[PDB]
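Engineer: sharing an experimental structure here, sequence included.
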Amino acid sequence: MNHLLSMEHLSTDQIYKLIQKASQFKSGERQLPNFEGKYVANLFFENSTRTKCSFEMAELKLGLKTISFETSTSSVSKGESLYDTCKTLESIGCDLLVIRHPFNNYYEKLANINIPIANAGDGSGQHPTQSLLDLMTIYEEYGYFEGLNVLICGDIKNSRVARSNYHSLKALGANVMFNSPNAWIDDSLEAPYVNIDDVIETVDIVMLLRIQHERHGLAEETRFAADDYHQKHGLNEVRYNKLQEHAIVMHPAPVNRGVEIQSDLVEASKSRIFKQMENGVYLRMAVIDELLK
Amino acid sequence: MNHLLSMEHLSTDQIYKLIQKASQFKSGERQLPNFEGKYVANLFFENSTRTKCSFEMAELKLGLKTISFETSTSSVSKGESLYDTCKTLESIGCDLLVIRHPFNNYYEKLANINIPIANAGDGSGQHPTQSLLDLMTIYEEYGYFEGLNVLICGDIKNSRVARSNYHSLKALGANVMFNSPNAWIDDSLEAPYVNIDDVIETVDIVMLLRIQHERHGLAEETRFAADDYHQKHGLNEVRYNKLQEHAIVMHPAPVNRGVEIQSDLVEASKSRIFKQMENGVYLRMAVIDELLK
Amino acid sequence: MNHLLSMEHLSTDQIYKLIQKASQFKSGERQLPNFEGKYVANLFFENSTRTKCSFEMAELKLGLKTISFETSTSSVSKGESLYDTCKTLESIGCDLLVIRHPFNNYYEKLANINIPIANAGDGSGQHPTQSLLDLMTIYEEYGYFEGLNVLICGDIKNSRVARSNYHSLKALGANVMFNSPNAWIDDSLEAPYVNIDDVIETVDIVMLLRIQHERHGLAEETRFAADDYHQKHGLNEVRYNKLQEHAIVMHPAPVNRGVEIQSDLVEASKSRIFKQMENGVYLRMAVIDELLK
Ligand SMILES: O=C(O)C[C@H](NC(=O)CP(=O)(O)O)C(=O)O
Ligand SMILES: O=C(O)C[C@H](NC(=O)CP(=O)(O)O)C(=O)O
Ligand SMILES: O=C(O)C[C@H](NC(=O)CP(=O)(O)O)C(=O)O
């Protein structure tokens, strides 16, 4: 594990080792590693609160120091390529890069980078640390994946979260289903597309997605009606009350309250939305350990 | 104390204890506390040099580590509420939030946050750390507040500094007076409005304010004449030369040289403007201690 | 050395002492100094990747802590002058300022700053840490400067790098030559202006410059042709193949690949472009040591 770029690059063995290490860091069963003397740069070319702040928390707790990089004050405005930016940070003594970039598969331009890269998101491609922390949360809830009924609702084709989660849940033997507006069906993902109300009473995990407005074109954005989306594709009171006693609600965040989820359900008893954000720190510690060990 | 949001929330006893702790940190009479292992996020949704950099100096000197948050690169652009931002930073393991936000009373939306909040400014509402460092500076100058004659000149109704200082000085038994253009009189603050030249010879403390151009409407901004404002409401040579031997000049900064104050008076003998910024570090150390103990 | 503002302020003795200290830090011959307990602010009012990130790497490796300052979130929008910003950071307990600013000779407004200032670039004026790391790289390559043939190609009159390097190379007894489009000839620098192809076979060092598009006026930017610039002023395959066995290629970065340099030459055997970026960390450690000693 030289890099962490895509869930398609991980075996189920590597997924279990990362999840179990993260759980043992969190429980105190395993003491945190010490990487005092090592440096990390966080390169966020798209916006982030959780992924950037939780990577920073993980890095500082493992004794790394950060090199500040804000895109808009960098020599990117002078015409510097992503490769030159990464190779520059290597040359000045960085031991690790964490990169979120708007280009799908940006990491294919970074073959000649000799320090580990953690992909914090490539456009609508992969979000492996979101997927791993989602899997960690499910594993802590139930202790197993095989036969789990998972419904992923919302903007599927524009979601790096849906893509990473589909591949890894399927490989772990979960039953993945999608609910989507017709416009946002992803043909590349072979799982059934269903009505929420046909399956809500027999699902174990409902994963809600934010609508990726900033990834959409003009026609989609001009015809968007929030109230109509909520009625057809959102978790409301009636749908929440049909969840089995054991079932949980997940969302990679941020939430648009009243759109994909009724506001007062965000911190309802079956929600693990804020739990996911806590777990992300421990999972990112496990990723850092695997890359720098 | 659990939070520091408003001077209306503090007793004069709490004000004295904060001022005295800050002075003892500054003098070396009291050793700095050690909060190694704790994390703070600085959330500045309005611009800042002093409040943000001095909070950062105070945090680092007490052994805290910071989680970087720039508003414009955060998931706020994806539609995340202030509450969700704060609860997210709590969930990932922040022990303290320092928040400046343009909404008056923003902190009333943060009742369900379980970690301490220091208000670095809520629009035109409160600026409690400015008020406390102003009070610390006055206390170090004179050793008492009762019967002090304080003139606060400039944009009163748009000033969180004037509002916080009015409440706390009045509670400590100071005589508070205002000089304002008619447009910027604050009706909510019961203190006399006076002409500078009627009281300048008998004041102990002149506090100058910056004009809050960024908080004004079109009509105010289109009619503004800097030279006319300076003649009527500014500290010039003639007004400075009428100050008593013991009197001091204060300004929360930044200064607009030639508007509320003649340029060469910013670092004149009776100015405590740069002294206030030094004292701000020690007062913010005292606040952090109270919030994290 | 109280400040580092201009190469015109340094003796050749001071240049040798800085270069040799930087080389001994890099080789491990000399242990890094420990400035734990000291604070630095990095004030980048123009964009930077190397100069800002390498100063930060140098600062953290010497045990300094940074006070975050981003121009666009500072009280500069409230009308604060550069002097007031610097004097504020002094007052709050900063021990060192690193400043990049668009105004040529900005530092002449900072006479009343009482802490050391390192100039990370003043408009088209001076870039002393670039020049010193360029000199360090040449010194490690050859062990001497006297009689060295150095060709500096590109936008000369808009380059703080060309200005700093001209003065210091000439003082060390190197033979400095320029290649420039007619528009970008600098009259203030008395060195021959030559065609690349007339001297390429006899030069020891080719230093390429980026075109300073952001420092240009309308007429220059509207008539720019990248293709034509590359043919006349760029390092291509034919020019690279004419270099002496011992000759090196330098560039302060970032590179515009295909303009001043053919893409596949950036990491060719004779290139020291990424070596320069590594050396900059050690040179900036030596500068910080000299200023805080
Ligand atoms: O799912 C979303 O809507 C955004 C999604 N979520 C995150 O990773 C959280 P954040 O943007 O705060 O780091 C992402 O793909 O970036
Ligand atoms: O009143 C002013 O001029 C600004 C005033 N002062 C400050 O706190 C200083 P700064 O904006 O640099 O943190 C404020 O209310 O933010
Ligand atoms: O030569 C250039 O193009 C810019 C030149 N280069 C640098 O110093 C490197 P950076 O801008 O990444 O700090 C400068 O003058 O800043």
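Structural biologist: All right, it came through fine. Numbers count the residues shown, from 1 in each chain, chains lettered A, B, ... in the order given. Ligands and ions are numbered 1, 2, ... in the order given.

Engineer: ok, for the residue of chain A most remote from its centre, nearest residue in space, not its chain neighbours?
Structural biologist: Centroid-distance maximum for chain A: residue A:78 at 31.4 Å, with C-alpha atoms, centre = their mean. Residue nearest to residue A:78 in three dimensions, not counting chain neighbours: residue C:254, with 5.0 Å by C-beta to C-beta, 6 or more residues apart in numbering or on different chains. Any C-beta I mention is one placed from the backbone N, CA and C, and that applies to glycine too.

Engineer: shouldn't the one you found be within a helix?
Structural biologist: No - under DSSP: H, G, I helix; E, B strand; the rest coil, residue C:254 falls outside any helix and is assigned coil.

Engineer: is it true that the residue farthest from the centre of chain A touches residue C:211?
Structural biologist: No - between residue A:78 and residue C:211 there is no contact under C-beta atoms under 8 Å: 9.7 Å.

Engineer: distance check, residue A:178 against residue A:196.
Structural biologist: As judged by C-beta to C-beta, to the nearest Å, residue A:178 and residue A:196 stand 10 Å apart.

Engineer: residues from the stretch 101-250 of chain A in reach of chain C?
Structural biologist: residue A:112 (C-beta under 8 Å from any C-beta of the partner chain).

Engineer: ranges for the helices of the stretch 101-250 of chain A?
Structural biologist: A:128-142, A:160-171, A:196-199, A:218-223, A:226-233, A:237-240 (DSSP state H, counting those that start in this stretch).

Engineer: quick one: the ones you listed as a markdown table, columns for mean neighbour count and distance to ligand 3 too.
Structural biologist: Below are these laid out as a markdown table (neighbours: other C-beta atoms under 10 Å in any protein chain shown; distance: least, C-beta to the nearest ligand atom, whole Å):
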| stretch | mean neighbour count | distance to ligand 3 |
| --- | --- | --- |
| helix A:128-142 | 23 | 29 |
| helix A:160-171 | 23 | 30 |
| helix A:196-199 | 15 | 50 |
| helix A:218-223 | 10 | 36 |
| helix A:226-233 | 14 | 43 |
| helix A:237-240 | 15 | 51 |
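
Engineer: contacts only, for the residue nearest to residue A:249 when sequence neighbours are not counted.
Structural biologist: Of all residues beyond its chain neighbours, the one nearest residue A:249 is residue A:271 (4.7 Å), with distances taken as C-beta to C-beta, 6+ apart. Applying C-beta atoms under 8 Å, 6 or more residues apart in numbering or on different chains, we find residue A:271 in contact with A:248, A:249, A:265.

Engineer: and the last one, how many neighbours?
Structural biologist: Looking back up the chat, that one is residue A:265. Per other C-beta atoms under 10 Å in any protein chain shown, the neighbour tally for residue A:265 reads 22.

Engineer: what do you get for the second one?
Structural biologist: When neighbours are counted by other C-beta under 10 Å, residue A:249 registers 21.

Engineer: quick check: it vs residue C:129, distance?
Structural biologist: Distance of residue A:249 to residue C:129, computed by C-beta to C-beta: 53 Å.

Engineer: can you confirm whether stretch A:222-237 lies near chain B?
Structural biologist: No - using C-beta under 8 Å from any C-beta, stretch A:222-237 stays clear of chain B, with a minimum separation of 10.7 Å.

Engineer: off-centre distance for that stretch?
Structural biologist: The chain centroid and the centroid of stretch A:222-237 are separated by 23 Å, computed with C-alpha atoms, centre = their mean, to the nearest Å.

Engineer: neighbouring contacts of it?
Structural biologist: With C-beta under 8 Å, 6+ apart as the test, stretch A:222-237 has contacts from A:153-154, A:179-181, A:196, A:206, A:208, A:211, A:213, A:249, A:258-262, A:265.

Engineer: next one: stretch A:50-60
Structural biologist: Here stretch A:50-60 makes contact (C-beta under 8 Å, 6+ apart) with A:40, A:42, A:44, A:66, A:96, A:98, A:100, A:118, A:120-121, A:127, A:129-130, A:252-254, A:277, A:280-282, A:284-285, A:287-288, B:39, B:41, B:65, B:67-69, B:73, B:75, B:88-89, B:92-93.
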